[PDB]
Amino acid sequence: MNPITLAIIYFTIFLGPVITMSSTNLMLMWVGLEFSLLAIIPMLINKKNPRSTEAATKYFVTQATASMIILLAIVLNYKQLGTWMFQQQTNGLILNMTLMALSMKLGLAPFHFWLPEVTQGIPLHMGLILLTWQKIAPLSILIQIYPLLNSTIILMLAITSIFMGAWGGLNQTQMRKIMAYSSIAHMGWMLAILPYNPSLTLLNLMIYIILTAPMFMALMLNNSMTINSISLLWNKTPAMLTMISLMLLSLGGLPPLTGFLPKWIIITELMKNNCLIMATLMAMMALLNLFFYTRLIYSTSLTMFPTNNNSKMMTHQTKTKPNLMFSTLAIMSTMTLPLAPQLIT
Amino acid sequence: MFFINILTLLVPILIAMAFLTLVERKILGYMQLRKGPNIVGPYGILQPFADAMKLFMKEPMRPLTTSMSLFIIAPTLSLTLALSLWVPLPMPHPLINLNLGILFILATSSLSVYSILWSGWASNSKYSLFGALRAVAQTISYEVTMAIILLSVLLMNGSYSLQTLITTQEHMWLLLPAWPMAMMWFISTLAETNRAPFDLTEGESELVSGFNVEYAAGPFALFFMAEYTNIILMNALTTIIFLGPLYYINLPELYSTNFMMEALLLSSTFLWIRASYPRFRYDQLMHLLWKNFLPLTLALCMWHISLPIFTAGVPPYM
Amino acid sequence: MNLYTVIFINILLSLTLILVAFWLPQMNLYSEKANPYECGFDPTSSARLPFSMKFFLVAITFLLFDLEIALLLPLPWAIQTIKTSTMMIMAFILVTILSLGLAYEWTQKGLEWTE
Amino acid sequence: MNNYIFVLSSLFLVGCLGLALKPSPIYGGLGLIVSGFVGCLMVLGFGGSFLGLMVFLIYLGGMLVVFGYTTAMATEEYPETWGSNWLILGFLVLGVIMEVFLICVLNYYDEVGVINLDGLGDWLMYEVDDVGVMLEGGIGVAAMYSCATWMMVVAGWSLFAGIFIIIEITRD
Amino acid sequence: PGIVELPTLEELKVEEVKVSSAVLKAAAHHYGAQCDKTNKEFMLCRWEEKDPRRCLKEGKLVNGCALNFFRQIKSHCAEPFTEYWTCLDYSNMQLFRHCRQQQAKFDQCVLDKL
Amino acid sequence: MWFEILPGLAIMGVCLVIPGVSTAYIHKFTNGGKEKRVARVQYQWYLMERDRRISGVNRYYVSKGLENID
Amino acid sequence: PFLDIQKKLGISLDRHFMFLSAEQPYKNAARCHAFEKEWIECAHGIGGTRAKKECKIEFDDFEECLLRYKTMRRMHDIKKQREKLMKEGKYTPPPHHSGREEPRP
Amino acid sequence: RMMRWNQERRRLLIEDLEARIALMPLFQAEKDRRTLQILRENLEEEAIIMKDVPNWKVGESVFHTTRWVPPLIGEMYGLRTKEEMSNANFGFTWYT
Amino acid sequence: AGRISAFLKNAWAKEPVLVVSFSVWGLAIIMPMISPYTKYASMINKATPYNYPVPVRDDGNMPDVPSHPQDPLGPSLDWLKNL
Amino acid sequence: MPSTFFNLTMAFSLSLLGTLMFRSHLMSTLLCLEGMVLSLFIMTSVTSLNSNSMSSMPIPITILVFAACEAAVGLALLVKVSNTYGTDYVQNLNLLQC
Amino acid sequence: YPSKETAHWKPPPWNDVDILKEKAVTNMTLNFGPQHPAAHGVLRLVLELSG
Ligand SMILES: CCCCCCCCCCCCCCCCCC(=O)OC[C@H](COP(=O)([O-])OCC[N+](C)(C)C)OC(=O)CCCCCCCCCCCCCCCCC
Ligand SMILES: CCCCCCCCCCCCCCCCCC(=O)OC[C@H](COP(=O)(O)OCCN)OC(=O)CCCCCCCCCCCCCCCCC
């Protein structure tokens, strides 16, 4: 690489969502989305393998099409009302096109097909940057239009994203695809609670981000790609196992881990708004999510898969783990349930 | 009366470009220690007419491996764009007065490049493909340079019109305030017209005929007419922009005469350049523009941004 | 309406010229005449194969610089503004960052026709 | 002379239909050049000429680089124009017939008033300041230099970052 | 909703100036300096009350003072004003810079008389 | 010698003088002894339309002076 | 979410061109300046559901100004009745509407 | 030389715009009177001869605001001839 | 400095286009900051009257604004006349 | 104006259908993307000119700048695809399914 | 969970790089024939070109 273009690209990656979430003009939100996409593409295609090229191409055409639909919605709103924000009396067709295009930006089902494809064939840190940072700007736009959303389309997208994410993560054995389907399921939960409480989708987004940051960090430590690769972790880094298991259980939503809190409070708000059918279906598919997490836990922690001869040399060498980032986020993402009234806002 | 005005614009321009072919052959001959044509006419003045009649009485010879639609569309497109580009020039009163005259000029020039590209791709031959790709590279380089040059010069001017250029150059030329822009604009007009040194699209030595290698007589004559009309037009645009003719409200005939003299001088300068210099390589043209003219014209564009601000000489809107 | 009439007259003139060129002379068409030229031999390829241009980065840079041109072109109306200090600063910044991009590409050998 | 803008909009629809029908990218760039010229004419008819000429120049440069790339890599031995498959021509004329059918339906259904045959050409330009200087398009694009410096700086940073982005993508 | 009220042809009738734009521009400065009170009254009512239907008397006063100004011009000295406005009418933009001599003669007229 | 190019140069000279001179003369003939009266802005177009309405022959170039006022 | 760094820092990056009746370049208007001004002054301070309820008159006037659906329908009805009367021979247009009028400046 | 000549041209432009300013109120008064005349003749021609349909108000506006709304070009030239409507739509644009 | 002068002289001999471009860039930066005519451009663009000057009401409490264009009050343009 | 805006919206819809329905050519997909861009530019310009929103006239220039940036990135990715395979076929780039 | 519709799949490579060599660049063959002005009347210079 080169430090100058590293600084330019990473600053533009930062600047995109910041402009989107701090700008009150829909045009400036759109140019923030464009900033994020165009800046993150060279970080995706960096290893210059065919898989990286394919992932960059798929991501580019998907996000470009979705952003074009977003800009269509903005221009139609400007035609209808003369302003640059959906105020209160816009067209429901415009709002539904906005929701559909932002769903394809976010990557929730049935627009979810590219997300495991792009997450596969991409290095783990770029998968982390995608699955955490790229989902804040479209969520910021969705939170900005908090009323005047179609709850029917919202709930349909939410339920199909949770269903398809649970099934996909159940099938997959590649770790990056597992993380992508986890992303799809949690985005389904956030979108489900979006029209009733912006605070709860913000809370679920924060819980998901602080939960899947150290999961990706622990994958990044040993460059573990598959279930077998994470299975020979007892020989590589045996101190990782308890935190890995606790974070996987917290992603599953088991009490008393703090990952139970977003699902619990979202179910509470949906009970307050009388959507028991959707809440029950979402909870059962979250149990399916917990099943594929628990199979991962069986592979990596509660059993000891066979190891090979060169792991002796791996034990001979020395390692390095980031301070202030892994352990802090792991503790805050596992043992922060009794601070639930402070976490909800 | 307007159709009569169209005729008195179009027909003299076509006769002027035919005699530009004659003047080019004679000037190149006399710089080559020989004569020009002096047998066909009294002094060779019937030579372009004989050439035109021969080209329009030879068969056009449609080829087999050829996209016929684009193959026919491209030369007619080139000729109509050359005449459309001739439309808005003021001498000192234009046939069609446009507010954004220079923008119209730039758009029409780019569309002429498209005519060359479509001819080269439609005539499904390797030398035609080579000529089309060379045209792509050439127009990349001169397009960016020409846009910056015109931006700085018309920032010294007021609006994007051309009667405003006449009123700006009423007292003094624009060559003295911006002569480096005039030099780079002259080189860019050479590149736009695909003339020597850097023709590179009809390269007789590197290629056989470039993009015209499959065009037989007829549409080939149309391409030649478009090219030479563009030569006279770029020289006319250069003398309107930079070498401002004398304008008096009572009589415009001396303006037309001064414009004629300077346009003839710059056309003869084009033929002079062709006689003098060898050909560039088409990567060397891109390197030359993007490494010498583009930084200098970016700096001079910044200087001409700053100049009316610190001299308080901002031009009027009208 | 006037410009429209002149455009249509020029188009009709070019069409008339090419129609005269196609219907005036005598036609004698056969296969060896209408074969592609290729300097007196049959072409090996089909002239539609990939060409692999060598200045692709320069072409993409040309796209970006053309849009920088589109940004820079409203300057003749921009200099008529009432502020003129923010206008001058903004024009300086725009030209400077365009020049910085060109300089960075030149240093990183972007416009060097990699074969 | 009233339905001139409607004729232009129909031509733009036809050009976008051809671009959607996806010829060889040579003819796709041709269709986009024609559509860009037609949209320029529409903007010029509706008002200021600067925006139309800008989009025309920009798309001329863009389709030129596109032509170079589809000659370089996005080509094949027999580039289909439109007649390699009769389905493409049949679908083009089917879309044209559907366009005529829908505009006839919306003329017959004149309650909403989106398209009216008798009222066409009557509501093109709504209200204009008859006496007035400096009210044409391009003054606002100039006001990007003084009143929307945030728009100017995000566009400039987009182009700068784009230079860095394309160098790093095609670094190889 | 309500019926929009607007005046009739009888109250819209006025003695129009029937004077071309070139002669108007030739006399523009002295017209703008002679009765600027009436014109500014009309502009003040027009910008305060956005309705044009409640400034018709002020508009008729503007027409009246313009007619009086042109009648004074026609009565006192007419031929240098005539040659001045025809020289202005000659050019395509009515530029004052072309015919400053006739402008000087007309200014000498309106300075010696009136 | 070198002056043999002067016939072709003179033909080009007259063919470049003709269009501008003819355009100016045709503008004068069509506009009645005056220039084209170009209208860059809406104010100038309004002046032209007002002149066309004032003249009464639906021609903007027929200038009306002080003879219309008694 | 929606950060408010522009309101916190007091700057206006993109807030002066949010709507039509806002800071035109020289002194111009946007063809519905009065209607949009009345609608915004109605809706300010009570925003959301109350602005949707009890500023419906101002919003309907502004939407009618901007889109002109009712004026189009009224003019179409007038022209349709005129054409029907022309077909039935019961109407002759006046000279000023059809043909030569007396031009006033 | 360009500095001096551009300053002189700025002075000339200020003189021309001041002539325009001095002529502005007369044009404003005549324009308002002509607009009101066209609206009144349209209102009368719609009133007496055009509309005998039972459910129709003649001078009914489409706004509740009961103030002056300036008419559209298609509103004031709608009953006029098609050539006049086309001149009002594309006069300045096509004049080139 | 010797090395700086030698480098600049070598650059002026060998690549006298980048030297000219950087010098012109620096001159265009510096010259507005030292010219005494910089304020005059903004003042000229302010004084150019593209709009009608809308009159104000006479409440009798403002003596600064004039009562007629032929008055000593108001922003006179004698600086532009003598510029 | 409403008829023209309906035509422009239908043109955007056609270009969106072209983007969604692939025919073996990533370049043709990028062409459909830029057709969508052109339709949006014409819609925004016509709306601003009709409403006299001269303050919002920089919006089409902004969307043109960002659209050309995304077209630049797409052309660079197409160059990388062609270097990888040599055919530029969207069905040929498919190996991330497992 | 391999089925009849996915039994032909393979696991991804560990380093996300797989061998996909074609070597089918097909450099353009152009002959400077014995009619080219650059050719000295009589020369068939067959050129393998990469652009
Ligand atoms: C239209 C008006 C007339 C114009 C001139 C027409 C007549 C003359 C025609 C001559 C023949 C042209 C035929 C084509 C030639 C093509 C080759 C060519 O020109 O290459 C360009 C050549 C290139 O030279 P080069 O390519 O040999 O350079 C070597 C560079 N390397 C090693 C990297 C390859 O020159 C230029 O680029 C110069 C452009 C003009 C520069 C003008 C600078 C003026 C001074 C500025 C200010 C200086 C002071 C600084 C501040 C001081 C403050 C106090
Ligand atoms: C062989 C096929 C060739 C096809 C391509 C033809 C190319 C033509 C030449 C290049 C044109 C490039 C674009 C130019 C657009 C016009 C430029 C312009 O500024 O127009 C605006 C102008 C009036 O604007 P303005 O100057 O502001 O005046 C107001 C007060 N004076 O003027 C106007 O408003 C006039 C608007 C119309 C002007 C263009 C008319 C074009 C007509 C269609 C031509 C093609 C038809 C299809 C093919 C026919 C069959 C081959």
# chains A, B, ... in the order shown; residues from 1 in each chain; ligands from 1
$ closest_atom_pairs --of "chain C" --to "chain H" --cutoff "9 Å" --atoms "only C-alpha atoms" --output "Markdown table"
| residue | atom | partner | partner_atom | distance |
| --- | --- | --- | --- | --- |
| C:1 | CA | H:94 | CA | 5.6 |
| C:2 | CA | H:96 | CA | 7.0 |
| C:3 | CA | H:96 | CA | 7.2 |
$ interface_residues --of "chain D" --to "chain F" --cutoff "6 Å" --atoms "only C-alpha atoms" --output "JSON, numbers by chain"
{"D": [130, 131, 132, 133]}
$ write_last_selection --atoms "N, CA and C atoms" --output "PDB file, in the first residue's frame"
ATOM      1  N   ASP D 130     -40.887  38.226 -16.242  1.00  0.00           N
ATOM      2  CA  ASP D 130     -40.789  38.779 -17.589  1.00  0.00           C
ATOM      3  C   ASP D 130     -39.693  39.828 -17.688  1.00  0.00           C
ATOM      4  N   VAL D 131     -39.621  40.730 -16.721  1.00  0.00           N
ATOM      5  CA  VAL D 131     -38.574  41.738 -16.667  1.00  0.00           C
ATOM      6  C   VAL D 131     -37.598  41.340 -15.572  1.00  0.00           C
ATOM      7  N   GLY D 132     -36.326  41.225 -15.924  1.00  0.00           N
ATOM      8  CA  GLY D 132     -35.365  40.758 -14.953  1.00  0.00           C
ATOM      9  C   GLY D 132     -34.046  40.316 -15.540  1.00  0.00           C
ATOM     10  N   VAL D 133     -32.973  40.600 -14.812  1.00  0.00           N
ATOM     11  CA  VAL D 133     -31.613  40.262 -15.201  1.00  0.00           C
ATOM     12  C   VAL D 133     -31.079  39.266 -14.185  1.00  0.00           C
TER      13      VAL D 133
END
$ residues_near_ligand --ligand "ligand 1" --cutoff "6 Å" --atoms "only C-alpha atoms and all ligand atoms" --output "PyMOL selection string"
(chain B and resi 180+182-183+186-187+273+288+292-293) or (chain I and resi 15+20+23-24)
$ write_last_selection --atoms "N, CA, C and O atoms" --output "CSV table (one decimal), in the first residue's frame"
chain,number,residue,atom,x,y,z
B,180,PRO,N,0.6,32.7,-23.2
B,180,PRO,CA,0.8,31.3,-23.0
B,180,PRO,C,-0.4,30.5,-23.3
B,180,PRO,O,-0.4,29.4,-23.8
B,182,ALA,N,-2.6,31.3,-25.4
B,182,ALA,CA,-2.8,31.3,-26.8
B,182,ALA,C,-1.9,30.3,-27.5
B,182,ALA,O,-2.3,29.6,-28.4
B,183,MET,N,-0.7,30.1,-27.0
B,183,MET,CA,0.2,29.0,-27.5
B,183,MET,C,-0.4,27.6,-27.3
B,183,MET,O,-0.4,26.8,-28.2
B,186,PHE,N,-3.3,27.1,-29.5
B,186,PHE,CA,-3.0,26.8,-30.8
B,186,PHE,C,-2.6,25.3,-31.0
B,186,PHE,O,-3.0,24.6,-31.9
B,187,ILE,N,-1.8,24.8,-30.0
B,187,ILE,CA,-1.4,23.4,-30.0
B,187,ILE,C,-2.7,22.5,-29.8
B,187,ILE,O,-2.8,21.5,-30.5
B,273,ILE,N,3.1,24.5,-40.4
B,273,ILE,CA,3.4,23.5,-39.4
B,273,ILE,C,3.5,22.1,-40.0
B,273,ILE,O,4.4,21.3,-39.7
B,288,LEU,N,3.1,14.7,-23.4
B,288,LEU,CA,3.4,16.1,-23.6
B,288,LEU,C,2.3,17.0,-23.0
B,288,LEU,O,2.5,17.9,-22.2
B,292,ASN,N,3.1,18.7,-19.5
B,292,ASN,CA,3.6,20.1,-19.7
B,292,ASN,C,2.5,21.1,-19.7
B,292,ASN,O,2.5,22.1,-19.0
B,293,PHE,N,1.4,20.8,-20.5
B,293,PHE,CA,0.4,21.9,-20.6
B,293,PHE,C,-0.6,21.9,-19.5
B,293,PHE,O,-0.9,22.9,-18.9
I,15,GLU,N,13.6,21.2,-16.3
I,15,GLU,CA,12.2,21.1,-16.3
I,15,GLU,C,11.6,22.5,-16.0
I,15,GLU,O,11.1,22.8,-15.0
I,20,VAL,N,7.8,27.0,-13.5
I,20,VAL,CA,6.9,28.1,-13.8
I,20,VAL,C,5.5,27.9,-13.2
I,20,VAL,O,4.9,28.8,-12.7
I,23,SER,N,5.7,28.6,-9.5
I,23,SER,CA,5.8,30.0,-9.2
I,23,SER,C,4.6,30.8,-9.5
I,23,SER,O,4.2,31.7,-8.7
I,24,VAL,N,3.8,30.4,-10.5
I,24,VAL,CA,2.5,31.0,-10.8
I,24,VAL,C,1.5,30.7,-9.8
I,24,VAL,O,0.7,31.5,-9.4
$ interface_residues --of "chain A" --to "chain D" --cutoff "7 Å" --atoms "only C-alpha atoms" --output "PyMOL selection string"
chain A and resi 5+8-9+39+42+45+48
$ write_last_selection --atoms "N, CA, C and O atoms" --output "short mmCIF file (atom, residue, chain, number, x, y, z; two decimals), in the first residue's frame"
data_model
loop_
_atom_site.label_atom_id
_atom_site.label_comp_id
_atom_site.auth_asym_id
_atom_site.auth_seq_id
_atom_site.Cartn_x
_atom_site.Cartn_y
_atom_site.Cartn_z
N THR A 5 -2.45 7.18 0.61
CA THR A 5 -3.75 6.69 0.15
C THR A 5 -4.46 5.89 1.23
O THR A 5 -5.69 5.84 1.22
N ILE A 8 -6.21 8.66 3.04
CA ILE A 8 -7.31 9.20 2.24
C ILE A 8 -8.50 8.24 2.25
O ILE A 8 -9.65 8.65 2.51
N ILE A 9 -8.24 6.96 2.01
CA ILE A 9 -9.31 5.97 1.92
C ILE A 9 -9.99 5.77 3.27
O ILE A 9 -11.22 5.76 3.36
N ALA A 39 -15.37 4.63 -1.09
CA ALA A 39 -14.19 4.51 -0.25
C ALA A 39 -13.92 3.08 0.17
O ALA A 39 -12.76 2.67 0.27
N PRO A 42 -11.92 -0.05 -2.63
CA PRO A 42 -10.51 -0.46 -2.71
C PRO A 42 -10.01 -1.21 -1.49
O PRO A 42 -9.06 -1.99 -1.61
N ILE A 45 -11.20 -4.88 -2.51
CA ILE A 45 -10.30 -5.48 -3.50
C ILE A 45 -8.90 -4.96 -3.18
O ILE A 45 -8.46 -3.91 -3.65
N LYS A 48 -6.16 -8.74 -4.44
CA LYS A 48 -6.11 -8.96 -5.89
C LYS A 48 -6.18 -10.44 -6.25
O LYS A 48 -5.45 -10.92 -7.12
#
$ residues_near_ligand --ligand "ligand 2" --cutoff "8 Å" --atoms "only C-alpha atoms and all ligand atoms" --output "ChimeraX atom specification"
/B:73-74,76-77,80-81,84-85,97-101,103-104,107-108,111 /C:1-5,7-8,11-12,14-15 /D:37,40-41,44-45,48-49,53,56 /F:38-41 /H:92-96
$ write_last_selection --atoms "N, CA and C atoms" --output "compact mmCIF listing (two decimals), in the first residue's frame"
# COMPACT_ATOMS: atom_id res chain seq x y z
N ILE B 73 -23.55 6.59 -41.18
CA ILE B 73 -23.91 7.70 -40.31
C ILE B 73 -22.71 8.59 -40.02
N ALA B 74 -21.53 7.99 -39.82
CA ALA B 74 -20.38 8.75 -39.33
C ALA B 74 -19.90 9.89 -40.23
N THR B 76 -21.56 11.68 -42.62
CA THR B 76 -22.61 12.70 -42.64
C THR B 76 -22.66 13.44 -41.31
N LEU B 77 -22.49 12.70 -40.22
CA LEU B 77 -22.41 13.31 -38.89
C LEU B 77 -21.24 14.27 -38.80
N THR B 80 -22.06 17.49 -40.92
CA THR B 80 -23.09 18.35 -40.33
C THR B 80 -22.62 18.97 -39.03
N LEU B 81 -21.72 18.31 -38.30
CA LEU B 81 -21.18 18.92 -37.10
C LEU B 81 -20.20 20.03 -37.44
N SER B 84 -22.48 22.91 -38.33
CA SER B 84 -23.13 23.37 -37.11
C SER B 84 -22.17 24.13 -36.21
N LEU B 85 -20.91 23.72 -36.20
CA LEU B 85 -19.87 24.42 -35.48
C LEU B 85 -19.57 25.77 -36.13
N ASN B 97 -27.13 33.71 -32.51
CA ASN B 97 -26.46 34.27 -31.34
C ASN B 97 -26.78 33.41 -30.13
N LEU B 98 -25.75 32.78 -29.57
CA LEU B 98 -25.89 31.90 -28.43
C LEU B 98 -25.23 32.53 -27.21
N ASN B 99 -25.89 32.40 -26.06
CA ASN B 99 -25.27 32.84 -24.81
C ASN B 99 -24.08 31.96 -24.46
N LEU B 100 -24.24 30.65 -24.54
CA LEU B 100 -23.16 29.71 -24.24
C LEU B 100 -22.52 29.18 -25.53
N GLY B 101 -21.95 30.12 -26.29
CA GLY B 101 -21.38 29.77 -27.58
C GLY B 101 -20.18 28.85 -27.47
N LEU B 103 -19.44 26.78 -25.01
CA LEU B 103 -19.92 25.46 -24.59
C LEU B 103 -20.51 24.70 -25.77
N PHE B 104 -21.25 25.40 -26.64
CA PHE B 104 -21.76 24.77 -27.86
C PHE B 104 -20.62 24.28 -28.74
N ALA B 107 -19.13 21.04 -27.17
CA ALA B 107 -20.01 19.90 -27.35
C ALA B 107 -19.96 19.39 -28.79
N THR B 108 -19.98 20.30 -29.76
CA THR B 108 -19.96 19.89 -31.16
C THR B 108 -18.62 19.25 -31.54
N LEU B 111 -18.68 15.71 -30.26
CA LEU B 111 -19.51 14.87 -31.12
C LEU B 111 -18.80 14.54 -32.44
N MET C 1 -36.11 28.38 -33.11
CA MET C 1 -36.54 27.79 -34.34
C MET C 1 -35.50 27.91 -35.44
N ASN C 2 -34.80 29.04 -35.39
CA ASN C 2 -33.76 29.35 -36.36
C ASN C 2 -32.61 28.36 -36.32
N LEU C 3 -32.09 28.11 -35.11
CA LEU C 3 -31.01 27.14 -34.96
C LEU C 3 -31.46 25.75 -35.36
N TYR C 4 -32.71 25.40 -35.05
CA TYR C 4 -33.26 24.12 -35.47
C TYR C 4 -33.29 23.99 -36.99
N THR C 5 -33.69 25.06 -37.68
CA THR C 5 -33.72 25.03 -39.14
C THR C 5 -32.32 24.90 -39.72
N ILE C 7 -29.70 23.47 -38.27
CA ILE C 7 -29.25 22.10 -37.99
C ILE C 7 -29.86 21.13 -38.98
N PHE C 8 -31.17 21.26 -39.22
CA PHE C 8 -31.83 20.36 -40.16
C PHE C 8 -31.35 20.58 -41.59
N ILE C 11 -27.98 18.82 -41.84
CA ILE C 11 -28.18 17.37 -41.87
C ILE C 11 -28.70 16.93 -43.23
N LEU C 12 -29.66 17.67 -43.78
CA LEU C 12 -30.19 17.35 -45.10
C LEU C 12 -29.14 17.53 -46.19
N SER C 14 -25.83 17.01 -45.78
CA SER C 14 -24.95 15.85 -45.68
C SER C 14 -25.63 14.59 -46.22
N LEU C 15 -26.92 14.42 -45.92
CA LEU C 15 -27.65 13.28 -46.45
C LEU C 15 -27.77 13.35 -47.97
N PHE D 37 -28.06 13.81 -25.54
CA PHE D 37 -28.39 14.95 -26.39
C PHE D 37 -29.86 15.33 -26.27
N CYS D 40 -30.42 16.98 -22.93
CA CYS D 40 -29.92 18.34 -23.05
C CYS D 40 -30.94 19.24 -23.73
N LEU D 41 -31.55 18.76 -24.81
CA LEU D 41 -32.57 19.54 -25.49
C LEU D 41 -33.78 19.79 -24.59
N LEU D 44 -32.78 22.46 -22.04
CA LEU D 44 -32.73 23.74 -22.74
C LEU D 44 -34.13 24.28 -23.03
N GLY D 45 -35.06 23.41 -23.41
CA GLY D 45 -36.42 23.85 -23.64
C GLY D 45 -37.11 24.29 -22.37
N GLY D 48 -32.75 27.09 -18.42
CA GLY D 48 -31.36 27.45 -18.63
C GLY D 48 -30.58 26.39 -19.37
N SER D 49 -29.62 26.86 -20.16
CA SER D 49 -28.87 26.01 -21.07
C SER D 49 -27.62 25.41 -20.44
N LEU D 53 -26.06 21.69 -21.37
CA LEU D 53 -24.75 21.60 -22.01
C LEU D 53 -23.75 20.88 -21.11
N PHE D 56 -24.45 17.20 -21.35
CA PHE D 56 -24.03 16.74 -22.67
C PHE D 56 -22.53 16.53 -22.73
N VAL F 38 -30.22 41.72 -30.25
CA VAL F 38 -30.10 40.47 -29.51
C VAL F 38 -30.63 40.66 -28.09
N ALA F 39 -31.16 39.58 -27.52
CA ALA F 39 -31.79 39.59 -26.21
C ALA F 39 -31.16 38.49 -25.37
N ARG F 40 -30.13 38.86 -24.59
CA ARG F 40 -29.48 37.88 -23.73
C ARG F 40 -30.31 37.56 -22.50
N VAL F 41 -31.12 38.50 -22.03
CA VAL F 41 -31.84 38.34 -20.78
C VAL F 41 -33.33 38.61 -21.00
N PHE H 92 -38.39 33.71 -25.68
CA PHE H 92 -37.03 34.07 -25.31
C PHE H 92 -36.06 32.92 -25.54
N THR H 93 -36.52 31.69 -25.32
CA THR H 93 -35.65 30.53 -25.49
C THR H 93 -35.30 30.30 -26.95
N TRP H 94 -36.29 30.39 -27.84
CA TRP H 94 -36.02 30.15 -29.25
C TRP H 94 -35.43 31.36 -29.96
N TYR H 95 -35.52 32.55 -29.38
CA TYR H 95 -34.97 33.73 -30.04
C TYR H 95 -33.45 33.70 -29.93
N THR H 96 -32.80 33.25 -30.99
CA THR H 96 -31.35 33.11 -30.98
C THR H 96 -30.77 33.32 -32.37
$ residues_around --residues "residue K:46" --least-positions-apart "2" --cutoff "6 Å" --atoms "only C-alpha atoms" --output "number ranges by chain"
K: 30-31, 44
$ write_last_selection --atoms "N, CA and C atoms" --output "mmCIF file, in the first residue's frame"
data_model
loop_
_atom_site.group_PDB
_atom_site.id
_atom_site.type_symbol
_atom_site.label_atom_id
_atom_site.label_comp_id
_atom_site.auth_asym_id
_atom_site.auth_seq_id
_atom_site.Cartn_x
_atom_site.Cartn_y
_atom_site.Cartn_z
ATOM 1 N N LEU K 30 -1.229 -8.608 -36.819
ATOM 2 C CA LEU K 30 -1.424 -7.625 -37.873
ATOM 3 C C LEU K 30 -0.226 -7.673 -38.801
ATOM 4 N N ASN K 31 -0.461 -7.742 -40.103
ATOM 5 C CA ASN K 31 0.639 -7.792 -41.051
ATOM 6 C C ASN K 31 0.839 -6.423 -41.679
ATOM 7 N N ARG K 44 6.428 -8.434 -45.602
ATOM 8 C CA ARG K 44 5.230 -8.845 -44.876
ATOM 9 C C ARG K 44 5.634 -8.989 -43.419
#
$ closest_atom_pairs --of "chain E" --to "chain I" --cutoff "9 Å" --atoms "only C-alpha atoms" --output "JSON lines"
{"residue": "E:32", "atom": "CA", "partner": "I:69", "partner_atom": "CA", "distance": 8.8}
{"residue": "E:33", "atom": "CA", "partner": "I:69", "partner_atom": "CA", "distance": 7.0}
{"residue": "E:36", "atom": "CA", "partner": "I:68", "partner_atom": "CA", "distance": 7.2}
{"residue": "E:37", "atom": "CA", "partner": "I:68", "partner_atom": "CA", "distance": 7.7}
{"residue": "E:40", "atom": "CA", "partner": "I:55", "partner_atom": "CA", "distance": 6.2}
{"residue": "E:41", "atom": "CA", "partner": "I:55", "partner_atom": "CA", "distance": 8.2}
{"residue": "E:43", "atom": "CA", "partner": "I:54", "partner_atom": "CA", "distance": 6.9}
{"residue": "E:44", "atom": "CA", "partner": "I:55", "partner_atom": "CA", "distance": 5.8}
{"residue": "E:47", "atom": "CA", "partner": "I:54", "partner_atom": "CA", "distance": 7.6}
$ residues_around --residues "residue D:85" --least-positions-apart "5" --cutoff "12 Å" --atoms "only C-alpha atoms" --output "NGL selection string"
:D and (21-23 or 79-80 or 90-92)
$ atom_distance --atom1 "atom CA of residue A:173" --atom2 "atom CA of residue A:227"
6.0 Å
